[PDB]
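Protein chains in written order, with my numbering: chain Z, 1 to 97; chain S, 1001 to 1122; chain V, 2001 to 2137; chain L, 3001 to 3099; chain R, 4001 to 4049; chain B, 5001 to 5086; chain U, 6001 to 6072.
So the structure is just underneath, and the comments pick up after that.
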Amino acid sequence: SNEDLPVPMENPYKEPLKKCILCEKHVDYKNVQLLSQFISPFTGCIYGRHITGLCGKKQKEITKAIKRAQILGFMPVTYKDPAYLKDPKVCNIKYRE
Amino acid sequence: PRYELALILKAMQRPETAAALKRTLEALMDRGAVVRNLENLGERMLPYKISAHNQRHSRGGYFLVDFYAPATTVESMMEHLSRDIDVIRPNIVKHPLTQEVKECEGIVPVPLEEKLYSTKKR
Amino acid sequence: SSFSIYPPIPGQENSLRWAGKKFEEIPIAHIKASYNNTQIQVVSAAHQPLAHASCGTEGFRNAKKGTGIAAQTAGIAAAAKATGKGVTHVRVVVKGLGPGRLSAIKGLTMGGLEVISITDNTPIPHXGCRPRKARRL
Amino acid sequence: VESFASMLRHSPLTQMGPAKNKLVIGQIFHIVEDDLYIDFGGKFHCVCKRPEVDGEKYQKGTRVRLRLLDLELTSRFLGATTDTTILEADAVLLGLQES
Amino acid sequence: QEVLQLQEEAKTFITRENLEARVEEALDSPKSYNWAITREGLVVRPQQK
Amino acid sequence: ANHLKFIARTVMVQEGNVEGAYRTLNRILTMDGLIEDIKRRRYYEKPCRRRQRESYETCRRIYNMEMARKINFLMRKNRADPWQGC
Amino acid sequence: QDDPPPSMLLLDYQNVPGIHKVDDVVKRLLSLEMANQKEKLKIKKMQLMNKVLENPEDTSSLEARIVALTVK
RNA sequence: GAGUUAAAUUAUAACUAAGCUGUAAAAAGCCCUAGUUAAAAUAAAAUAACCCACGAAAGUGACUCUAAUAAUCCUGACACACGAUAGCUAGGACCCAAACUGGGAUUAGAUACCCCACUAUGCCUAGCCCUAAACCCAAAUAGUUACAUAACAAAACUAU
Ligand code: FES
Ligand SMILES: [K+]
Ligand SMILES: [Mg+2]
Ligand SMILES: [Mg+2]
Ligand SMILES: [Mg+2]
Ligand SMILES: [Mg+2]
Ligand SMILES: [Mg+2]
Ligand SMILES: [Mg+2]
Ligand SMILES: [Mg+2]
Ligand SMILES: [Mg+2]
Ligand SMILES: [Mg+2]
Ligand SMILES: [Mg+2]
Ligand SMILES: [Mg+2]
Ligand SMILES: [Mg+2]
Ligand SMILES: [Mg+2]
Ligand SMILES: [Mg+2]
Ligand SMILES: [Mg+2]
Ligand SMILES: [Mg+2]
Ligand SMILES: [Mg+2]
Ligand SMILES: [Mg+2]
Ligand SMILES: [Mg+2]
Ligand SMILES: [Mg+2]
Ligand SMILES: [Mg+2]
Ligand SMILES: [Mg+2]
């Protein structure tokens, strides 16, 4: 008879889960600019999750997309393409101190 | 589209470039392929020097061809382009639009795992 | 004073000339700093050698030539021979990792030679020849 | 006699909802040279540093404004059966209470 | 629905009749797929240059 | 060998100093892990050792990054005790 | 052993009406010429069960599963 | 299965230099060498990977395409199929690493650790051999958190 007892309902304050940078977006091996932002400009290495910040699905796709462009002849391997050196920075690594 | 042809051609003038595409598209049709469209990516400096047919190439034009073809004729198309000398590096991949972008919900946070050791006094 | 670490790309036109010549016209100083020897060679923009110097040629012998001081002396001697042919600025390329990397870099500076750009070209195989086995010292 | 269930429904704590980003006023009950122990009505007491402006009027019993972030700081570390509490609360100073 | 869109898409397919026209048209209309991404997830199109 | 020269792993000096520029180059290589990679490629390690090395590097990285969080989490509990001699 | 005809519409694009009125280009795109081995198995399985099984709509029956294994 | 090659290395050519490799320190070896520039074949697959996926296991992480991962979803051998690495038989490849062997050094001796050279072989095609700390030392299928700490470790237990 007591209406003050709590009801068995889900949490109404569940904030939506965080979206990665490339969530709901289609990666490709033809757009060099998108792939080049995740490559160290001085060396040409590929950043990991702790630097890129992407989720578990788009990190593998970027890795496969980049390597496809390495062999098919669309982007340099040992360095970042200088034409896309002024693109906005998305990684969290800083070299200059 | 079903197949995509990552075609890179040696840099040359307008007439022979059109001729090279004309016979390349003819070769695809002879193997039983219905080409959808031709996309031009312009001429760009190659990322690195590529050796093909006893030549060192630094500049070339990029072209993209998408078509529907039987699975058994992919080897014939690749072999034919290998003997052609006006193409520097041909490659065939499945068209990316064939696969659908899988729906995503978010980055699910993984809680730290417990109960990995006994509760005895260390 | 906006200064960019990245080198001036040859495709573009950067108004940054040293001694009246462009970036690519400046000669090159190749430095091979091995674990037992350091070899220094300066070549022109057309890859024509100008002067050569190494720890062995400067009187150091055996284990002595692998020390930093031996590489430091080689840089002074190499710069002195290079400056005789009339070169002021040079782009230094470092090959390999060794004890003589720092000494050779500052050896050229104190030898009357000025450097403007540093490049590391250590041979890094990507999977390549199988190296030698371990040493159970 | 009022049932305990009704008390929780109308209690200010329940009406607050999530503790993150909530403007809650509190009263200072202890003063150190640079630390202000503030009770905002929660289970524990938050600690804040005296601001450089109007710092001389922050005395015992003074009311201030706070922005609660976590009601009770508590985390889990590997190898710990039970979480290690801090016995404090996290909050920031927005100024003094405007009487 | 799937066969209906292929019915319309069949009109623009390249045949031997219009082999020359499509080649000539392609060589005069370059296009690129390049586009950058920002921290917040907004798409930046380099075509604005 | 096929790529353009004087683009990758290259820095330029400023104001005429070379010691500062060289240290900047070393930080770039150390961050990208090339310095340790060259050290491990002087000799060859069997694949048995490679997995044993990555099972110790990963364990250290978990323990170090977990102890570090507790240090920062408990860092605020270092003020002078207000109840001394209570 | 069975040999499905090449110029046949695949399993999905058969019961939809208005196919024979379409030009040869679209019919070519839907035939087995532009279909991989996976689509070929569907045609073989569909035809095989319609010749030996009594009730094709029943899948949990033992006879239906034996036909499916025989195709593989 | 089929096709393909980025980074390194080597045959080889040009130029300069007289020395080059090597160690805690040396000797031997090389001087047909070393540095730079240009460059096949063979072999091996940086960063991604702080990810933990696929396969029955042993295993697999350079790229592309084709074929493709049993069972309407229990247990089961001495039967059928498979099984890293080393080893054998025949043909082909050989950058580089390298048991054996020779030389140098160390030592009372060193047919060992250290240094230099090179072979089997590691590789491709066809066949055989069927062994591992083949170990996550924890058998398969369903479950329970009740009862209850030999020790140690990766908590305890029930049913077929
Ligand atoms: S979180 Fe949705 S794809 Fe990354
Ligand atoms: K590789
Ligand atoms: Mg090469
Ligand atoms: Mg040979
Ligand atoms: Mg001698
Ligand atoms: Mg030589
Ligand atoms: Mg693994
Ligand atoms: Mg199984
Ligand atoms: Mg299965
Ligand atoms: Mg059984
Ligand atoms: Mg075997
Ligand atoms: Mg074997
Ligand atoms: Mg063998
Ligand atoms: Mg025998
Ligand atoms: Mg043999
Ligand atoms: Mg041999
Ligand atoms: Mg050898
Ligand atoms: Mg001997
Ligand atoms: Mg094993
Ligand atoms: Mg056993
Ligand atoms: Mg077992
Ligand atoms: Mg069993
Ligand atoms: Mg089973
Ligand atoms: Mg079980």
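Yeah, the Cβ is synthetic: ideal placement off N, Cα and C, and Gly gets one too.
Which residue from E3088(L), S3006(L), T3081(L), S3099(L) puts its Cα closest to that of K1121(S)? Here residue 1121(S) corresponds to residue number 121 of the second sequence, with the count starting at 1. Comparing Cα-Cα distances from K1121(S) to each of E3088(L), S3006(L), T3081(L), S3099(L), the minimum goes to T3081(L).
| request: Tell me whether the beta-carbon of residue 3119(L) lies closer than 8 Å to the beta-carbon of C3046(L). | output: Chain L is shown only over 3001 to 3099; residue 3119(L) falls outside these bounds and no answer can be derived.
State the DSSP-derived secondary structure class of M9(Z), mapped to helix, strand or coil.
Residue numbering aside, residue 9(Z) sits at position 9 when the first sequence is read from its first letter. Three-state DSSP puts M9(Z) in coil, outside helix and strand.
TODO: Below 6 Å CB to CB, which residues in the same chain sit around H1080(S) once its five sequence neighbours on both sides are set aside?
DONE: Sequence index remark: in the second sequence, residue 1080(S) carries index 80 (1-based). Here the set comprises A1027.
Check: In or out: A5080(B) buried (at least 16 other Cβ within 10 Å) or exposed?
Finding: Position 80 of the sixth sequence holds residue 5080(B). When all chains shown are included, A5080(B) counts as exposed.
With 8 Å set as the bound, which would you pick, yes or no: does the beta-carbon of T3081(L) sit closer than that to a beta-carbon of chain S? The residue labelled residue 3081(L) in the question sits at position 81 within the fourth sequence. Closer than 8 Å: yes.
Whole-number beta carbon distance between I93(Z) and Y47(Z), since they are thought to touch under 8 Å | Within the first sequence, the letter at position 47 stands for residue 47(Z). Within the first sequence, the letter at position 93 stands for residue 93(Z). At roughly 7 Å, the Cβ-Cβ gap stays under 8 Å, so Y47(Z) and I93(Z) are in contact.
- [ ] Kindly indicate which residue of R3065(L), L3087(L), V3064(L), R3067(L) has the alpha-carbon position closest to the one of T3074(L).
- [x] Position 74 of the fourth sequence, counting from 1, holds the residue named residue 3074(L). For the residues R3065(L), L3087(L), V3064(L), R3067(L), the minimum Cα distance to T3074(L) belongs to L3087(L).
CA nearest to the CA of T6070(U), picked from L6032(U), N6055(U), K6045(U), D6058(U):
Start at 1 with the first residue of the seventh sequence, and residue 6070(U) comes out as number 70. Cα-wise, what sits closest to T6070(U) is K6045(U).
For this session: Give the interface partners of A4036(R) over in chain S, defined as CB-CB distance under 9 Å, in chain order.
Result: Against the fifth sequence, residue 4036(R) aligns to sequence position 36. Result: empty, since nearest Cβ-Cβ is about 18 Å, beyond 9 Å.
**Asked** Taking 8 Å as the CB-CB limit, is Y2006(V) close to chain Z?
**Response** Taking the third sequence and counting its residues from 1, one reaches residue 2006(V) at position 6. So, interface residue.
Note to self: Could you check whether the Cβ of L5074(B) sits closer than 8 Å to any Cβ belonging to chain Z?
What the structure shows: Within the sixth sequence, numbered from 1, the residue matching residue 5074(B) stands at position 74. Not one chain Z Cβ lies under 8 Å of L5074(B).
Quiz item: Where does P1047(S) fall in DSSP's three states?
Solution: Residue numbering aside, residue 1047(S) sits at position 47 when the second sequence is read from its first letter. The answer is strand: DSSP assigns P1047(S) an E or B state.
Review point. Is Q2048(V) helix, strand or coil by DSSP?
Key: The residue given as residue 2048(V) occupies position 48 in the third sequence. Of the three classes helix, strand and coil, the one that applies to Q2048(V) here is coil, per DSSP.
* Proximity below 8 Å, CB of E3072(L) to CB of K3049(L) -> Looking up residue 3072(L) in the fourth sequence gives position 72. Looking up residue 3049(L) in the fourth sequence gives position 49. No, the Cβ-Cβ distance between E3072(L) and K3049(L) is not below 8 Å.
Please list, in chain order, the residues of the region 1028-1046 of chain S that have any C-beta partner in chain U closer than 7 Å. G1032, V1034
Check for me: the beta strand (DSSP E) holding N1091(S) runs from which residue to which?
For this step, residue 1091(S) is matched to residue 91 along the second sequence. Taken as a continuous stretch (DSSP letters only), the beta strand (DSSP E) holding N1091(S) covers 1091-1094.
For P3051(L), the nearest candidate out of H3030(L), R3009(L), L3069(L), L3096(L) (CA to CA): Here the question's residue 3051(L) lines up with position 51 in the fourth sequence. Minimum Cα distance to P3051(L) is reached at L3096(L).
- Starting from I2040(V) and walking both ways along the alpha helix (DSSP H), at which residues does that stretch end? Position 40 of the third sequence holds residue 2040(V). Per DSSP, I2040(V) belongs to no alpha helix (DSSP H); it is in the beta strand (DSSP E), 2038-2043.
### Message
Looking only at its chain, what residues have a beta carbon closer than 8 Å to the beta carbon of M1045(S), apart from the 5 residues adjacent to it on each side?
### Response
The residue given as residue 1045(S) occupies position 45 in the second sequence. Excluding sequence neighbours, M1045(S) sits near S1058, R1059.
(request) Measuring alpha carbon to alpha carbon, tell me which of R6028(U), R6065(U), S6007(U) ends up nearest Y1068(S). (result) Position 68 of the second sequence holds residue 1068(S). With distances taken between Cα atoms, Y1068(S) lies closest to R6028(U).
**Q.** chain V residues whose Cβ lies nearer than 7 Å to that of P82(Z)
**A.** Within the first sequence, residue 82(Z) is the residue found at index 82, counting from 1. Those within 7 Å of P82(Z) in chain V are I2009.
Specify the secondary structure class of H2030(V) as computed by DSSP and reduced to three states.
-> Here the question's residue 2030(V) lines up with position 30 in the third sequence. It is a strand residue.
Taking DSSP as the reference, what is the three-state secondary structure of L4006(R)?
Looking up residue 4006(R) in the fifth sequence gives position 6. Helix at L4006(R).
Quick check on the burial criterion: 16 or more other C-beta atoms within 10 angstroms. Buried or exposed for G3061(L)? Here residue 3061(L) refers to the residue found at position 61 when the fourth sequence is read from its first residue. Under this definition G3061(L) is an exposed residue.
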